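Shown below, as structure tokens, is a lone chain in the form deposited in one PDB entry; questions about how it binds or moves come after it.
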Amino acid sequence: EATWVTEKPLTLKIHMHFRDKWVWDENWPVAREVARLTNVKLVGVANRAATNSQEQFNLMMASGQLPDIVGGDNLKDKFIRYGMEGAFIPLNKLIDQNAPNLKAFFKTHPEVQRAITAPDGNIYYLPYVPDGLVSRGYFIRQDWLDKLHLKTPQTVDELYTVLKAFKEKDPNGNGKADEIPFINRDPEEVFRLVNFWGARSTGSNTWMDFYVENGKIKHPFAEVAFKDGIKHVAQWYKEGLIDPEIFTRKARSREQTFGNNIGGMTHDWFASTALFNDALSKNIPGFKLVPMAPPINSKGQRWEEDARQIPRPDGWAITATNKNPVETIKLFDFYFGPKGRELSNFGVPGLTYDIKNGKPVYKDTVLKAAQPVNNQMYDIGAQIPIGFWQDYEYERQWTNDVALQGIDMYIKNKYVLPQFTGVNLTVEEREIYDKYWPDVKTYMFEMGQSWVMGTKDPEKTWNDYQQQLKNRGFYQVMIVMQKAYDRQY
């Protein structure tokens, strides 16, 4: 082939554990097709039985026996830290000399290059580059609203009334108090409910990210607004308005709850969430899960805190043990060219899509499957958090009119908050970040869960919590973040 990266066939080892559920599979249709076109085959070495992606990275790193490539989600920080320590190689020269598609991408997307550049000026990974503007929105059961003679809730107080009616007034009509008013695939979304009481949960699509307010770097979990907001979330959890299993249910939450007519509301991505209307129309007559404007919060605003993050802190890196870095960067580059981008987005031609009227078009068997197309793509090795360039066209093809109405409502009415795009730490500032932040973040999540579940009272533990943050070096992290912000802006 002319797309061939190397003349002699090459096999590389990739450690890629992602989203706590998936590993790289060389038997994937997409992986097979990429191997054929590039003459480079990636063989997975990650533990498929394991269910903690970050831990698997840690074990691999601690063992000292590195593969050739490491990929996965939420590895940006680890790519940078172990890049500077020499476990991953800088890609700057390799890109410049061997990677025209990446060069042309970075030229036209300077902001992405900046986002993946380490404090030493080196690029240690290639990112998952999403395509699109909005991500998540609120969805509510319109059929339940109508059946209970309720108007769409406009404020937090009105929402409380609605969710209470969902819980107590038997909208599925089976005589049981089985309804769960608010559900979510993502446990972290329970924290986002503090938005209703004028508190942030994250600055970006990255969970528990910092934000900027009036020239000051802040972290959502350290703010007194969070203390007051999480108190309310705890109350709603105690009242059973929030899924008792919100921390545990996870991936198939929508299929379980909406699919069995017990879920009333969620906060999730427009396309896949709205697809549930098509999937459940026969099973649950009248089922209508519609986008809802965010309620007016206690600060008098309608917040959509989440948006697409370009790029994501996801991707892959070349190890120092890799004896074929030139061949590897050319493989990496393939994904940003026309054929590579097509495959990594749409799957395999003849299997999952066809070129029709000069464009990749999903087969009817894919579009009418009543299973979200992104899920379908994962199964065959597409839409995975490698270094690749998402093409929104893939998503447009399975975004229905209900999803479109929601997307357009959110764009036009300006609900989406300005996103935190990070600060440029020096190497010295980064040392403090890498040292303290991971353990602080873990502590924050665990305290957050405790407050929500009612095992700890936020009001009674706040002062000791703050002291613990100090002891764990959180405010040392805040100092370097603010210093970096002051330099950059």
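Residues carry their position along the shown sequence, with the first being 1.
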Which of 368 to 376 and 123 to 131 has higher mean CA B factor, as the PDB entry lists it: 368 to 376
Per the entry, higher mean C-alpha B factor between 188 to 196 and 330 to 338: 330 to 338
Selection by C-alpha B-factor (highest) of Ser272, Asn357, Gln154, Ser298: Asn357
Most elevated Cα B-factor in the entry, residues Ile230, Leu241, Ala293, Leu280: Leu280
Chain-wide C-alpha B factor ranking for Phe182, given as lowest, middle or highest third: lowest
Chain-wide C-alpha B factor ranking for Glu304, given as lowest, middle or highest third: lowest
Third assignment of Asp170 from its chain's C-alpha B-factors: middle
Assigned third (lowest, middle, highest) for the C-alpha B factor of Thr108: highest
Chain-relative CA temperature factor third for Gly215: highest
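Below, we refer to the form deposited in another entry, which is not included among the displayed structures.
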Between this form and the one not shown, rigid part identical for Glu305 and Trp462: yes
Closer or farther in the other entry, the Cα atoms of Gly72 and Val440, when the shift from this form is 3 Å or more: farther
Closer or farther in the other entry: C-alpha pair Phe191, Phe57 (3 angstroms or more): farther
